[PDB]
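Contents: one structure, followed by commentary.
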Amino acid sequence: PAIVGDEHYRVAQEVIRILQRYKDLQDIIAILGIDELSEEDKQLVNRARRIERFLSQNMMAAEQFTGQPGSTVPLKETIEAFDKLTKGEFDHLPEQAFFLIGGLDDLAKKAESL
Amino acid sequence: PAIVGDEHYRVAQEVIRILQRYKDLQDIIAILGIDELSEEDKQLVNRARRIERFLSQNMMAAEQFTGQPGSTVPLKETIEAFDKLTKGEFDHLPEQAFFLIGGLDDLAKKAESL
Amino acid sequence: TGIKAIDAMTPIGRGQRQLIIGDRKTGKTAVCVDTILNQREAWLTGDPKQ
Amino acid sequence: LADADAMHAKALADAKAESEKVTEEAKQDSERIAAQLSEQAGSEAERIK
Amino acid sequence: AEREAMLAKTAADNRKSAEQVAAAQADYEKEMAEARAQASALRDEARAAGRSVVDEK
Amino acid sequence: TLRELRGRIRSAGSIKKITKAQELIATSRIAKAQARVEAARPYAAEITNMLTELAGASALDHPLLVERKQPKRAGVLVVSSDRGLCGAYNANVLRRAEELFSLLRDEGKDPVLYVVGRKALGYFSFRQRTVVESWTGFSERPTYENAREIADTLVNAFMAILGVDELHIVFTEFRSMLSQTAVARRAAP
Amino acid sequence: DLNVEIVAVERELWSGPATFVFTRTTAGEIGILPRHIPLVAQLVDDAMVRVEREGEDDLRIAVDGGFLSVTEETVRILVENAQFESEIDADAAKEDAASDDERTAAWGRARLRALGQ
Amino acid sequence: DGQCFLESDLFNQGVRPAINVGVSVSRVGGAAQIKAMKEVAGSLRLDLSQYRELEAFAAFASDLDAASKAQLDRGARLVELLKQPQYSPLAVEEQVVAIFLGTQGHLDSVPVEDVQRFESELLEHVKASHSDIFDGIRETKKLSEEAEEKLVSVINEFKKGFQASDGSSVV
Ligand SMILES: Nc1ncnc2c1ncn2[C@@H]1O[C@H](COP(=O)(O)OP(=O)(O)OP(=O)(O)O)[C@@H](O)[C@H]1O
Ligand SMILES: [Mg+2]
């Protein structure tokens, strides 16, 4: 919380906590099924799915294959986007909307496309 | 037994038997806890823990570190105490009662303290 | 040392060798630097006994 | 209903008065906190200089 | 009619009697908690202002 | 020494896998058991309602409603698991049963044991205490037939045959997922 | 119309509305249709229950020593074990009815009665 | 003459400094520690080691005796109290007051989530308004009876005007 901003540290640690809980619940999901979870756990699993798929990015190294120009997401934009995600403000989007997108602009555009 | 007498030897060897049996169970204790053991072994584990903690003593050289004055236990008292303890006459007292107490009178005093 | 935990549980007296032992990135150089920094209140006293 | 009314009025009035007291004490504490932080700011500026 | 009305009135009366006595303590505690909260907010904002002046200076 | 350490690593890994599987199976069976507990609630509520009505109309002289003038025997139905790996479940239940026995003896009553679950049988056998009758094999998944059998036995023992002047049931209340508590209810009189 | 709740000690078997109910209490047969006076009556050890649903044919249920109850809002049948007539095994009921035990014979006879015997 | 064993397991989970109170010890200490610290933190090391041992037992036990719960709560509050930022060395008198808060039970009414803020705010209040306590501790190296009573009064007064993170009062 010294080298990086305090808000950055809070967002990163919240994302890590959510992903850790999601990986803990992987064992229950893959065996007992998703239905067995509680409402809170189901909400957290959806949120973690979206956060984890939102860590993906249309890397410039993929431009040679898809022709889509790679995205450079400024640190502030990443911090704010993941603050929104951990708060659930995008939990109503489809999971596919978060695959290979750089930042909230691409998120909104892909959401509109779907 | 020829040197320290029959009673001292019997008490010492019964204490060693209890402690060795406790050591043999260490993996099961570590994994599943005392709950899984048989009753003949669960009672033994309880009095083994009590014997192990009762072998502790508030050494006079330890005053400078902890502040409690050091206690001296005459041989007859320790032989009688361990004969009583192995037989289970104190397995109703909590473990902390025996910890760094140095004698039967102090044992009862600290049991009252708890 | 200026650290609550060390000055309370494991006090360091002048003339003592107190081993700061721990794995990598466990805060060993941040406990000795804090100790050095905390000596400034004594340094400004100007008294060699402090 | 008269006394309960009297008790409720007294409770409201006493709560307002002791809330004024609480807020005055808290304002004094706030002033002293601000003074301490300003003094610390001055000391830090002096050390930086 | 008036007899019945009086029964009803005394009923609601004792109802308020228990109530208003309960609500007196409830509202005293509510206002006291609100006063403590305003005091804490004042101290917190003053501390924030002090740290802000520290940062600025 | 290295061979022993590697063998123990393999053994501990196998134990970890087995225990994790048991944990997940227990997570499923907790939901199953809680759903079954809730499924029986309507019957209990309705039968309690009509029993209250009948008591309002009854003479309230049934033996189950009147204490024996000099009580000597108090049956105790200790409900315990029939398989291990349950942590302190059995220990808690049996400690509460011992507390109940001490309470009974301080009041001058003599406890007589009825037991459900093999672990409780073992605990009482080691302590040289006899059990009048014991059932097993349904603590993991009880059915109304077993409860009917237990209730018939307890009620008949209460009507008597040496008989019992009282009867309690000592079992684990499932207050919540995080907490369970060993309790004793006097089921008669 | 009646709100008939048929409850087994294990589960809430059935809770559909009905226009009429028929069953043999220990003191006699009873036919219940709405606004009946509040009632509670033990069923015979071999009793069977008929519920005339507002839709298709009435359901016949084998009931083991249940207690019938009626109140302005519902009609309850609290049973140790209840089976829809379609779930009855004829051979099993026949074998049970021949059993020496009173309870087993009563249950088999109840199942036969519900089936159509 | 002693080792402060910093543990990675405690460091990586927020407990910084990660002092392993069970293994960490100072042989020559105790004589060097000032009198006030020796009074307030006399049993702090043993209490924290016992709490760390008890946490494993209570991490899965459904319930425990009243003594066990009291020890667990006291140890959690003490651990949160000893947690300290970096490059923020507290003077010895501030340490004395902070440890006095916990070892004497004044934190029992403060939730675990707010022990850090409670301690920091009380230290600020004592510096700003009741510096006589710090002056006494510094000048005579002892927490005198009058100073202790005044500090207890100040702690009780402050707990009236403090919010837990849940909004409830900590009195
Ligand atoms: N009390 C503390 N609170 C928060 N962060 C801390 C604290 N103490 C240390 N840290 C963090 O720990 C990080 C690593 O610790 P530090 O550099 O002191 O460890 P070290 O033992 O010297 O490591 P190494 O020699 O392996 O580099 C530092 O960047 C600092 O941010
Ligand atoms: Mg280093």
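Here, A, B, ... name the chains of the structure tokens in the order displayed, residue numbers run from 1 inside each chain, and ligands are numbered from 1 in the same displayed order.
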**Prompt:** Hey, what's within 12 Å of residue 84 of chain A if we count only C-alpha atoms and toss same-chain stuff fewer than 6 positions away? As JSON, numbers by chain, please?
**Reply:** {"A": [11, 14, 15, 47, 50, 51, 54, 77, 78, 90, 91, 103, 104]}
**Item:** RMSD after least-squares fit, chain B onto chain A [all C-alpha atoms, in order]
**Value:** 0.9 Å
**Message:** Which residues are near segment 50-52 of chain G? Cut-off 9 Å, only C-alpha atoms, ignore same chain within fewer than 5 positions. Put them as a PyMOL selection string.
**Reply:** chain G and resi 4+18-23+57-61+114
Can I get the selection written as a compact mmCIF listing (two decimals), in the first residue's frame, with C-alpha atoms?
# COMPACT_ATOMS: atom_id res chain seq x y z
CA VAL G 4 -56.67 -31.24 1.72
CA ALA G 18 -60.55 -31.25 -2.97
CA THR G 19 -64.34 -31.14 -3.13
CA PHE G 20 -64.96 -34.13 -0.85
CA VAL G 21 -63.10 -36.65 1.30
CA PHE G 22 -64.07 -40.12 2.53
CA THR G 23 -62.42 -42.32 5.13
CA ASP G 57 -60.97 -39.10 -10.87
CA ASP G 58 -60.60 -39.21 -7.10
CA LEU G 59 -57.33 -40.38 -5.58
CA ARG G 60 -57.37 -43.52 -3.43
CA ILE G 61 -54.65 -43.69 -0.78
CA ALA G 114 -56.93 -48.93 -1.52
**Close residues to ligand 1 using only C-alpha atoms and all ligand atoms, limit 9 Å, as a PyMOL selection string** = (chain A and resi 1-3) or (chain C and resi 3+20-33) or (chain H and resi 6+11+14-18+83-88)
**Message:** Residues of chain H within 9 Å of chain C, counting only C-alpha atoms - could you list those as a ChimeraX atom specification?
**Reply:** /H:1-12,16-19,21,24-33,37-38,40-46,81-84,86-92,95-96,98-99
Considering only C-alpha atoms, tabulate each residue of chain E that lies at most 10 Å from segment 34-45 of chain D along with its nearest interatomic pair and the corresponding distance in Å to one decimal; arrange the rows by chain and ascending residue number and present them as CSV.
residue,atom,partner,partner_atom,distance
E:43,CA,D:34,CA,8.9
E:45,CA,D:34,CA,9.6
E:46,CA,D:34,CA,5.8
E:47,CA,D:34,CA,6.3
E:48,CA,D:34,CA,8.8
E:49,CA,D:34,CA,7.2
E:50,CA,D:37,CA,4.8
E:51,CA,D:37,CA,6.5
E:52,CA,D:37,CA,9.2
E:53,CA,D:38,CA,6.8
E:54,CA,D:41,CA,4.3
E:55,CA,D:41,CA,7.7
E:56,CA,D:41,CA,8.8
E:57,CA,D:45,CA,6.5
**Message:** What does the structure give for the distance between atom CA of residue 110 of chain H and atom CA of residue 78 of chain H, in Å to one decimal?
**Reply:** 11.5 Å
**Fill in**
Taken to one decimal, the atom CA of residue 151 of chain H-atom CA of residue 136 of chain H distance is 11.4 Å
**Request:** Would you kindly return, as a ChimeraX atom specification, each protein, DNA or RNA residue with an atom no farther than 8 Å from any atom of residue 77 of chain H, considering only C-alpha atoms and excluding same-chain residues fewer than 3 positions away?
**Result:** /H:73-74,80-81,102,107-108,111-112,115
**Message:** Env of residue 19 of chain A: 9 Å cut, atoms = only C-alpha atoms, seq-sep filter 2 positions within chain, self excluded. Answer as a PyMOL selection string.
**Reply:** chain A and resi 14-17+21-24+45+48-49+51-52
